[PDB]
Every structure is written in C-alpha cells, then in structure tokens.
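Chemist:
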Amino acid sequence: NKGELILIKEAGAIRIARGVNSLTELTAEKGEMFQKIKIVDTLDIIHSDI
Amino acid sequence: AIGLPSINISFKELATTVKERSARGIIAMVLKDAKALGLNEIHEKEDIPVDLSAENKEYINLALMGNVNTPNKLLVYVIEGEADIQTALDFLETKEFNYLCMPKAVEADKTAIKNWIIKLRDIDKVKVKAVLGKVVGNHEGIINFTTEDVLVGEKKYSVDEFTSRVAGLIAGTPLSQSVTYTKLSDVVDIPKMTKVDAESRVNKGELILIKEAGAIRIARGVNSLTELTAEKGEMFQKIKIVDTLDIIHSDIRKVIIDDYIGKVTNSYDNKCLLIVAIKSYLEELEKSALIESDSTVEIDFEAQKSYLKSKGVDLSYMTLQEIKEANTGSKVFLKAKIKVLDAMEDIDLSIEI
Amino acid sequence: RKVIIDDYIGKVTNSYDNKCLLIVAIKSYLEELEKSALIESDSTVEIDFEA
Amino acid sequence: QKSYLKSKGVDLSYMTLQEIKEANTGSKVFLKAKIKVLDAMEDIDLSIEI
Amino acid sequence: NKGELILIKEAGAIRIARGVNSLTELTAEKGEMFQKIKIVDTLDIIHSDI
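Protein chains in written order, with the deposited numbering: chain C, 204 to 253; chain B, 2 to 354; chain K, 254 to 304; chain J, 305 to 354; chain N, 204 to 253.
#1: Whose CA, out of B:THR148, B:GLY82, B:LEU40 and B:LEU76, lies closest to the CA of B:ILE27?
#2: Please decide whether B:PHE163 counts as near chain N, where near means a Cβ-Cβ distance under 7 angstroms.
#3: Excluding the 5 residues preceding and the 5 following K:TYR261 in the sequence, name in chain order all residues of the same chain whose CB lies nearer than 7 angstroms to its CB.
#4: I'd like the list of long-range same chain contacts for B:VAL188, defined as Cβ closer than 7 angstroms, with 5 residues on each side in sequence excluded.
#5: Any beta-carbon of chain B closer than 7 angstroms to the one on J:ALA327?
#6: Establish whether the CB of J:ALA344 and some CB of chain B are separated by less than 7 angstroms.
#7: Where DSSP assigns a beta bridge to N:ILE219, which residues make up the other side?
#8: Counting contacts by CB-CB distance shorter than 7 angstroms, is K:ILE292 in contact with chain B?
#9: What are the uninterrupted segments assigned as alpha helix (DSSP H) that are 4 or more residues long and contained completely in the segment 43-112 of chain B, given in chain order?
#10: State buried or exposed for K:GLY263, treating a residue as buried only when at least 16 other CB atoms are found within 10 Å of its CB.
#11: Just confirm the distance between the C-beta atoms of B:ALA64 and B:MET103, as a whole number of angstroms; I'd bet it's less than 8 angstroms.
#12: Tell me which residue opens and which closes the beta strand (DSSP E) that B:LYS33 is part of.
#13: Would B:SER225 be called buried (16 or more neighbouring beta carbons within 10 Å of its own) or exposed?
#14: Over what stretch of residues does the beta strand (DSSP E) that includes B:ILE300 continue unbroken?
#15: So, using beta-carbon positions, are J:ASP349 and B:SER331 closer together than 7 angstroms?
#16: Can a CB atom of chain B be found closer than 7 angstroms to the CB of N:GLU213?
#17: Measuring CB to CB, does B:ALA199 end up less than 7 angstroms from B:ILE211?
#18: To which residues of the same chain is B:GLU293 closer than 6 angstroms at the C-beta, ignoring the five residues directly before and after it?
#19: With respect to the beta strand (DSSP E) encompassing B:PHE334, which residues constitute its N-terminal and C-terminal limits?
#20: Enumerate in chain order the residues of its own chain whose CB-to-CB distance from B:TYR158 is below 6 angstroms, with the five nearest sequence positions on each side excluded.
#21: Assuming B:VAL160 and B:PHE146 form a contact by the criterion Cβ under 8 angstroms, report the distance between their Cβ atoms to the nearest whole angstrom.
#22: Locate the beta strand (DSSP E) running through B:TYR158, then write down its first and last residues.
#23: Report yes or no: do the segment 300-308 of chain B and the segment 318-325 of chain B share at least 3 C-beta pairs separated by less than 8 angstroms?
#24: B:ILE144 and B:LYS115 - do their beta-carbons sit closer together than 7 angstroms?
#25: Would you mind stating whether B:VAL167 and B:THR174 have Cβ atoms separated by less than 7 angstroms?
#26: Can you check which of these residues, J:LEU316, J:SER351, J:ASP347 and J:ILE352, is closest to B:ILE257 by C-alpha distance?
#27: Which same chain residues end up closer than 6 angstroms to N:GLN238 when comparing Cβ atoms and leaving out the 5 residues on each side of it in sequence?
#28: Ends of the beta strand (DSSP E) at B:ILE143?
#29: If the cut-off is 7 angstroms on Cβ atoms, which residues from the segment 205-239 of chain C count as contacting chain B, listed in chain order?
#30: Just confirm the distance between the C-beta atoms of B:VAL277 and B:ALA337, as a whole number of angstroms; I'd bet it's less than 8 angstroms.
#31: By the criterion of Cβ-Cβ separation under 8 angstroms, what are the contact partners of B:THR245 in chain K?
#32: On a Cα-Cα basis, can you pick out the residue from B:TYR269, B:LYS111 and B:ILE249 that is closest to B:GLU287?
#33: Decide if B:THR245 is buried, meaning its Cβ has at least 16 other Cβ atoms within 10 Å, or exposed.
#34: Nearest CA to the CA of B:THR88: which residue from B:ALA24, B:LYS33, B:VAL51 and B:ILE219?
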C-alpha cells in the first residue's frame, strides 16, 4: 500500500507480490491505473512510436 | 487500495426455504400440585414426570390421545394450591399456545379465566381459546362442553375433568376437517336424553355429546356465543371458521411485524409490494383448500380520504388515483375480501322413481 | 345413508370439486347395484339446482 | 426580494413581476423551495370482511 | 445427533456409525450436506485443484 515493491514467499516458490509503481498520491489528473507497471509501460511505448 | 492478489473459492448451500408460520396444535395445560411446580414441557407422549399424582397422570393421558394425530406440543404448568389463578396466568401470557383447560376449578376460577380470555382477545390482540366446564360466557374465546357422568374406563368423570379430553380431541384434528360427528371409542355410555332436548341445548350454544349410529359422537361442535349482532355474523359460531380466522390473523401479524415494520419507506410502490406479498400468502393458503380460490386485496380508499380530510388538505380537485397517490406519513390502510370454506355437514338428497 | 355418515360427514370441505367427487361415488354405487339387476341400467345423479 | 427592494426606496409600482425578479440585489440571493419527506411505515390498519 | 462420531457393536463385527462431522449448528449457508465427511472432503479437493 506504500508503493513499495517487495518479495513474498507463497505457494511452492518465491514470487513477486503484485509489481506496482512508486507513486502513492492520486490526483484528479493522475488516476489509479498509473500505478501499474504494465499500463505505464504500454503508454510509454505508444508515446515513443507515435 | 492495491493489495496482495486475491483468489477465493466460496461454497454455499441452496437454502430452499418454506416460510415458518405460526405453530398450531399446542395445548396450554394448567394443574395444581405440590410436586414439580411450574411448566413441565411434555413434548412427547411417553415421558411424564414421576412425582406427579397418578390421577393427574390419568388426566395427562386423556389429554394426549389426539383425534387424527397426536397434539403437536403439550405444555403443562403445575401451580401451588390456593395460589390463585393470576400467578399461572402471567406465566402463560409469557409464552404462546392455542387451547387452555382446567380439570379442577371452582366457579370463581372459571369466571376469572373467562374474563382473562375476553380481555386478552381484544386488548392485547392475541387470539387464544379455552374450554370450560360450565359457563354461559357469550364470547368466541370459550367453548362450553356440558355432559354429566361420563364413563371412561369403568371410571366416572364429571364435565370439568372431561374438558381435558375434549380439548385434546379439538386440538388433534387438522384445520381441513371439522369436529362434528367424530367417534369416541373410549366412552361407553352417557345418561339417556332425547333428540329435541339436544336441539334445545345446541341452540343455546352449549356443546353436547350424542348417541347416534353405532358409536358415540360429538353432535355439531359449535361456539358459545348466542346473540348475533350486525357485526358478528352467523359464521362466527363455527369452531373451524373462527380457528382458521385466528390462524390467518396470527400469520399476517407475524409477517408484518417481522419484516415491514420500521424497515421500508412508506411510498406507493412499497404499498404495492406489501399488497403483492399479502396476496401471495393468501393464495398459498388457498392452495391448502381453507378459503375460496379467488380473493382480492386493495388499498383502503375511504379511510384514507377521511384521514386526509381530518388533516385539512383540500381534496376537491384531485382525482381518486391522485387521492391514492397522497402521502399518509407512516400510516397504511388496506382492505381485503376472502371467502372461508366449511366441511360438509347437512346433505339433502332427493330421489324420484 | 351409511356411506354418507361414515365417509363424507365432517371430513371433506364443501367445495365444487368435493361435490363432484361425491356425485361420482354415488353413481358408482348405483352402477354396482345395477349389476345385481335390481334397477334399470341407465341412472343419473346431479346437483339439485332449484333447491 | 420585493420587500428588500421596497426597503431601499425603489419605486416598483409599475414594474411587473418578472421585471421585479430581474432587478439587481447586490450580493443578496433570495430563494425558496418545497419538498416532501418520506417516512417508514409505522402503523398498518387492515380490514377484512368475510 | 450431537455431532460426535461413535463406535457401535452391531451385526457380526464392530463398525463405524455414520461417520459425521463435528459441527452441530445449522446456518443459512451451511446446510445439511456440510455435515458429511465425504462431501466436505470432495469439496476440499475441488477447492485445492481449482
């Protein structure tokens, strides 16, 4: 919940626990989805290509 | 907030539900003794507290024998001698029941019980009944069985002692059938008495035992009230009709208080939903063949108009539909029409050659 | 009279279908009696409308 | 609003209702509204005739 | 009926008496079938596999 990225032991092996970004405050401009790595990455590649 | 990934599997049961309605077939039994005082909760025929007297055990045994089936639940409360009746009466008002009876009682006790029943059926809006040895109480709440020197099992029984057997016989029967003309294999003789006398006693609201056909049978079990007002019609004199009316009242009141009291807003659509629920219950009851097939429920109109006029609102121009639209403020007015069936009692057959 | 008092008194609700069932039972008894050759073959029983 | 305009001494005898509503008030707003508040069902009266 | 599992001498040998579960109260969602060992066991295996 702090935006911290951690490593968790669960099930058989060691797995990453819900990779999220570092930002914590959500403005009316910067919505929730800007916290996911995958979404920000696809936005970046779209920007670069266009 | 973003948390750890959630994977959850939930298992639930298909809670197939039939609504629990008010219990019918319970008997309130009161008796005086110095042992096992208070309620005794004889739910099962076999088990009986042992410290009770043998004669009182015989009274219980007369109480247990059901008409078609055993009574659903028997509640016997033991009271200390000379403790008056009110001490037991509050105890009984604490819990629910259907029929009450006293084998041993003086006429003062019967007067107290009849006054209690009349006040409770109209003040507290609770429908209960009781059988008394010999009273001329003119209410629907009491049934006056009167027959002297009843011989059961080589033993003489007065009317007051036999009232227990009468109450058990009444509670045994289902609501579909009636009590009239039911065999009592236990009794073996009654003092002889003519048919016109039976007509006279029955016309008095008295309940009588008759010797007819091969066996010994009840002769047209009726209520105790005799005067017929413009309010209380003839049908209020039959045990079956008043009993099904009591059941209807209890079920409707329980539903209303349990769900629609203080939990839904008073608006027209909520009124329609309540009407639909009431009609659904009535149709469900009709399926069991206690009332006629077609019944109607509709919001009362004249009472609503009178209530609005009592508030000073001007209702001259608003249409009847708009009148039903009007807000009432936590008050609901409804009227419903039903037709109650009865068991076959008199058959007239005409054959020509 | 014996059949009526034994089965249909104080045990059946007064309704149209119950009356039809009583009619059917009475007609069945009449047909059974007809088999013993005491009455003519065809007999009719129905609800008394005038009364 | 009419009373307030009278209080400042304006002569509104000829001015019509809409024109009275049109007049400037100077940072003053006067509004009135009507509503009807619902309540939960509390008393139920059911009448049955047999 | 008290939710206890008991050992009974009946027929030729000593046998289990209707192996049932320890829960006794019945709620709206916990129905009758949740009292059987076999049913709860197969439910558990379904949960784990899925």
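A virtual CB, placed ideally from N, CA and C, is assigned to each residue, including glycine.
Modeler: So, from the listed chains and residues:
#1: Taking the first residue of the second sequence as 1, we reach residue 27 of chain B at position 26. Here the closest residue by C-alpha is B:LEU76.
#2: In the second sequence, counting from the first residue as 1, residue 163 of chain B sits at position 162. For B:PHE163, the answer is no, since every Cβ of chain N falls outside 7 angstroms of its Cβ.
#3: Position 8 of the third sequence holds residue 261 of chain K. So the qualifying residues of the chain are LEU275.
#4: The residue labelled residue 188 of chain B in the question sits at position 187 within the second sequence. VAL151, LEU152, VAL153 and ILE217.
#5: For the purposes of this step, residue 327 of chain J is taken as the residue at position 23 of the fourth sequence. Not an interface residue.
#6: Taking the fourth sequence and counting its residues from 1, the one referred to as residue 344 of chain J is at position 40. So, interface residue.
#7: By one-based count along the fifth sequence, residue 219 of chain N stands at place 16. Partner(s): N:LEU210.
#8: To locate residue 292 of chain K, count along the third sequence from 1; it is residue 39. Not an interface residue.
#9: 55-65 and 87-95
#10: As a first step, residue 263 of chain K is located in the third sequence; it is residue number 10 there, counting from the start. When all chains shown are included, K:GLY263 counts as buried.
#11: The sequence position of residue 64 of chain B within the second sequence is 63, counting from 1. The sequence position of residue 103 of chain B within the second sequence is 102, counting from 1. About 12 angstroms; that fails the 8 angstroms criterion.
#12: Taking the first residue of the second sequence as 1, we reach residue 33 of chain B at position 32. Its beta strand (DSSP E) spans residues 27-33.
#13: Translated into the one-based positions of the second sequence, residue 225 of chain B becomes position 224. It counts as buried.
#14: Taking the first residue of the second sequence as position 1, residue 300 of chain B is located at position 299. Unbroken beta strand (DSSP E) run through B:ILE300: 297-300.
#15: In the fourth sequence, residue 349 of chain J corresponds to position 45, counting from 1. In the second sequence, residue 331 of chain B corresponds to position 330, counting from 1. For J:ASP349 and B:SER331, no; Cβs fall outside 7 angstroms.
#16: Within the fifth sequence, the letter at position 10 stands for residue 213 of chain N. Not closer than 7 angstroms to any Cβ of chain B, the Cβ of N:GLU213 fails to qualify, so no.
#17: For the purposes of this step, residue 199 of chain B is identified with residue 198 of the second sequence, where counting begins at 1. For the purposes of this step, residue 211 of chain B is identified with residue 210 of the second sequence, where counting begins at 1. Cβ atoms of B:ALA199 and B:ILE211: closer than 7 angstroms.
#18: Residue 293 of chain B sits at position 292 when you count from the first residue of the second sequence. Once the five neighbours on either side are set aside, the close Cβ partners of B:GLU293 are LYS340.
#19: Reading the second sequence from its first residue, position 333 is the one you call residue 334 of chain B. B:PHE334 -> beta strand (DSSP E) spans 332-338.
#20: Locating residue 158 of chain B in the second sequence gives position 157, where the first residue counts as 1. The residues are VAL151.
#21: Translated into the one-based positions of the second sequence, residue 160 of chain B becomes position 159. Translated into the one-based positions of the second sequence, residue 146 of chain B becomes position 145. About 7 angstroms separates the two Cβ atoms, so the contact holds.
#22: As a first step, residue 158 of chain B is located in the second sequence; it is residue number 157 there, counting from the start. It spans 156-158 - the beta strand (DSSP E) in which B:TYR158 sits, taken as one unbroken run.
#23: yes
#24: The residue you call residue 115 of chain B lines up with position 114 of the second sequence. The residue you call residue 144 of chain B lines up with position 143 of the second sequence. It is not a contact, given that the beta carbons lie outside the stated cut-off.
#25: In the second sequence, counting from the first residue as 1, residue 167 of chain B sits at position 166. In the second sequence, counting from the first residue as 1, residue 174 of chain B sits at position 173. Cβ distance not < 7 angstroms, so B:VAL167 and B:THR174 don't count as in contact.
#26: Sequence index remark: in the second sequence, residue 257 of chain B carries index 256 (1-based). Considering only alpha carbons, the answer is J:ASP347.
#27: On the fifth sequence, residue 238 of chain N is found 35 positions in, with the first residue counted as 1. Around N:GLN238: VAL223 and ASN224.
#28: Within the second sequence, residue 143 of chain B is the residue found at index 142, counting from 1. 143-145 is the extent of the beta strand (DSSP E) around B:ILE143.
#29: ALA220, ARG221, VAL223 and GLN238
#30: Residue mapping note: residue 277 of chain B aligns to position 276 of the second sequence, counting from 1. Residue mapping note: residue 337 of chain B aligns to position 336 of the second sequence, counting from 1. With 8 angstroms as the limit, B:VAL277 and B:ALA337 do not qualify as a contact, their Cβ atoms being about 13 angstroms apart.
#31: Taking the second sequence and counting its residues from 1, one reaches residue 245 of chain B at position 244. None at all; the shortest Cβ gap to chain K is about 11 angstroms.
#32: Walking along the second sequence from the start, residue 287 of chain B turns up at place 286. Among B:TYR269, B:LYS111 and B:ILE249, the Cα nearest to that of B:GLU287 belongs to B:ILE249.
#33: Stepping through the second sequence from its first residue, residue 245 of chain B is reached at position 244. Buried, because 16 or more other Cβ atoms sit within 10 Å of the Cβ of B:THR245.
#34: For the purposes of this step, residue 88 of chain B is taken as residue 87 along the second sequence, with counting starting at 1. Among B:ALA24, B:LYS33, B:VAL51 and B:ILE219, the Cα nearest to that of B:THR88 is on B:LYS33.
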